[PDB]
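Residue strings, one per chain:
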Amino acid sequence: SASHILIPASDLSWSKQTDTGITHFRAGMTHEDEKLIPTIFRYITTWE
Amino acid sequence: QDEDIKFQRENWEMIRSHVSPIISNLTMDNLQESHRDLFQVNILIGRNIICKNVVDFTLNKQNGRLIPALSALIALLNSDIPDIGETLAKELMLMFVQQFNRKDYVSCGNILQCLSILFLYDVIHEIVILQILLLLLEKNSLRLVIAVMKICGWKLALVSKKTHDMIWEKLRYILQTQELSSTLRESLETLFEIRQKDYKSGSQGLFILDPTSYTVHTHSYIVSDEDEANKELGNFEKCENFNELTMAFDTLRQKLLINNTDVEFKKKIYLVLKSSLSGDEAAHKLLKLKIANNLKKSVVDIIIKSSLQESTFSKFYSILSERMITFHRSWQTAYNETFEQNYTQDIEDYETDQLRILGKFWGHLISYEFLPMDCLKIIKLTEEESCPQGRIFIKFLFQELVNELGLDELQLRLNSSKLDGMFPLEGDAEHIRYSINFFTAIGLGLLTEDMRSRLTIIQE
Amino acid sequence: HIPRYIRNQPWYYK
């Protein structure tokens, strides 16, 4: 999995003009079960 | 029996001398201590002494502020001994009648406040209050009716909504159709504001013992013109029942004495971390968990250990920590103590890879003041109070500091911070030698020169 | 034989 994460959300009008940061989150993949699936990114050491 | 009476003549004064200063010094803050200290003497005979003390307490002009404390004490004493409340419902009532006959309204105010607060505790019946309000209204002393109504009107409305809404129709007729004086008028209008929005807000500020702490005993009295206050109340009375009174007091006192006397959490946090793409997301998820203050340090420990499982440092952990720290002070203090926990206790369990990650992590948080540089006060660069693990940790931490800030900014931040344990400007010379050795050998010697001036003077 | 990803124990247990 890579999509069970929270996707950054912010006012699109401001986002097109300046860096708004991460003021809100929108759901990614979801399921009824109360369990957090790991995301692949947390297992790969970044290039830097 | 003469000898027994002589003994009682002395026992009465013993009780009086013990209970008088207790009542005379009563305050809402020390009420429990006064209540327990009353019961170390036989109060079942000293009922009248306590009642006389209470009457004198209400008559005192300065004790208007302390009346709620007296009322709560009377409630406690009535729950333990109903006769005290029984006789007080009569003596305070007759004392109010007397003080109203002499028109000393300052003491009448204290008595009416005490009786209203006793009403709130069900020590006295509603009948007493409606008689008092009849007596004041047939004289038109609104200033006391208003004061009584602020305190007990909200209960009087539950118990006697008929007479209560008569007193309101009388009070409102006055406000709307009579030529009141301003200081009266604004206090009557403020009683209307109270009823309008929070009728209990007249008895908020008093000390309020919960109903669990006492047992309800209600006493009532009907005032007749012939009745007079007992001016000899509290005087000695022959005690034909001394022995049984003492035995009962024994049972009461002993009653008073007896009555007065994670793998799943780690997993949860770890999965929160491993399910997040960014540090902002991870921080949001952890913050949404609303972790209790006592668990916050353990959460920081889980974050540190998780970061130490990675092959390298990661900005993800620094951003996560930074967002936690800035969210609330309890997180900042959890991180502060986790830093000193790591350097003082955990470093001996860390291998050189883990120390590299940890040094860079804390160096990053310090380099941005999320962790104050004052945290380095726990560092003590000496051959005795440090170990290879700690020195390797310090090396990586300072290497990160210089990489992020540069020599100049690191130098200025260290100068503006008292770090005698790393840059000793005073004290034993060999601490200066060892410190300059460490910092030059890690390549931070440029920081040392300033210190070396002292090292040179020490040679002469 | 049991695969390594089963045999290995998460750090929080040990």
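Looking at the entry header, you'll see cryo-EM listed as the method and 2.31 Å as the resolution.

Draft legend 1. Molecular detail of the packing of aromatic side chains. Inspection of every chain in the model, using the stated rule, returns 22 aromatic pairs over all chains. Pairing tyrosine 270 of chain B with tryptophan 11 of chain C gives two aromatic rings, centres 6.2 Å apart and planes at 70 degrees, and the pair type is edge-to-face. Placement of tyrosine 270 of chain B in helix α12 (residues 263-274) and of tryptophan 11 of chain C in the segment after α1 (4-7) is noted, with the two residues assigned to different chains. Both residues of the pair, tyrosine 270 of chain B and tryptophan 11 of chain C, count as buried. Taking the centre distance of 6.3 Å and the plane angle of 40 degrees together, the rings of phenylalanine 339 of chain B and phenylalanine 393 of chain B count as tilted. On the criterion of sequence distance, the pair formed by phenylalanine 339 of chain B in helix α16 (residues 329-344) and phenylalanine 393 of chain B in helix α18 (residues 388-415) is long-range, its members being 54 residues apart. Classification of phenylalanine 339 of chain B as buried rests on a relative accessible area of 1%. In this structure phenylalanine 393 of chain B comes out as buried when scored by relative accessible area, which is 0%. Ring pairing ties together the aromatic residues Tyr335, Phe339, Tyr343, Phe361, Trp362 and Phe393 of chain B, which thus form one cluster. Sitting over the face of the ring of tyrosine 105 of chain B, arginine 143 of chain B holds its NZ or CZ atom 5.2 Å from the ring centroid.

Draft legend 2. Spotlight on the arrangement of the chains. Ranked by contact count, the leading pair among the two pairs of chains in contact consists of chains A and B. With no contact between them, chain A and chain C keep their nearest C-alpha atoms 14 Å apart.

Draft legend 3. Here's a closer look at the interface of chain B and chain A. Between chain B and chain A, the contact holds 18 residues from the first and 13 residues from the second. Between chain B and chain A lies a buried interface of about 1300 Å² when both sides are counted; carbon and sulfur atoms form 61% of it. Scanning the region where chain B abuts chain A turns up one salt bridge. We note a salt bridge from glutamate 48 of chain A to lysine 315 of chain B, for which the minimum N-O separation is 2.9 Å. Scanning the region where chain B abuts chain A turns up seven residue pairs in polar contact. Mapped onto the side of chain B that touches chain A, the elements with two or more residues apiece are α12, α13 (279-288) and α15 (315-327) of chain B. In terms of residue class, the side of chain B that touches chain A is made up of five nonpolar, seven polar and six charged.

Draft legend 4. Examining the pattern of salt bridges more closely. Residues and elements named next belong to chain B. With the rule as written, the count across this model stands at 24 salt bridges over all chains. We note a salt bridge from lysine 61 to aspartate 104, for which the minimum N-O separation is 2.9 Å. With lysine 61 in the loop between α3 (47-59) and α4 (67-80) and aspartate 104 in the loop between α5 (82-101) and α6 (105-120), the pair connects residues that are 43 residues apart, well separated along the chain. For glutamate 426, the salt bridge identified is with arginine 454, shortest N-O distance 2.8 Å. Here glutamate 426, found in the loop between α18 and α19 (429-441), pairs with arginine 454, found in helix α20 (residues 445-457); they are 28 residues apart in sequence, far enough to count as distant.

Basis of the calculations
Residues numbered from 1 in each chain as written, not as in the entry; some residues may be left out. Chains lettered and ligands numbered in written order. Part of a larger assembly, values for the part shown. Heavy atoms only, no water. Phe/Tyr/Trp six-rings, centres within 6.5 Å; stacked < 30°, edge-to-face > 60°. Helix = DSSP H or I, 4+ residues; strand = E, 2+ residues; numbered from the N terminus. Buried < 20%, exposed > 50% of the residue type's maximum accessible area, 1.4 Å probe, protein only. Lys NZ or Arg CZ within 6 Å of the ring centre and 35° of its normal. Contact = heavy atoms within 4.5 Å. Buried area = accessible area lost by both parts, 1.4 Å probe. Salt bridge = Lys/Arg side-chain N within 4 Å of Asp/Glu carboxyl O. Polar contact = N/O pair within 3.5 Å; in protein donor to acceptor, adjacent residues only side chain to side chain. Nonpolar A, V, L, I, M, F, W, Y, C, P; charged D, E, K, R; others polar.

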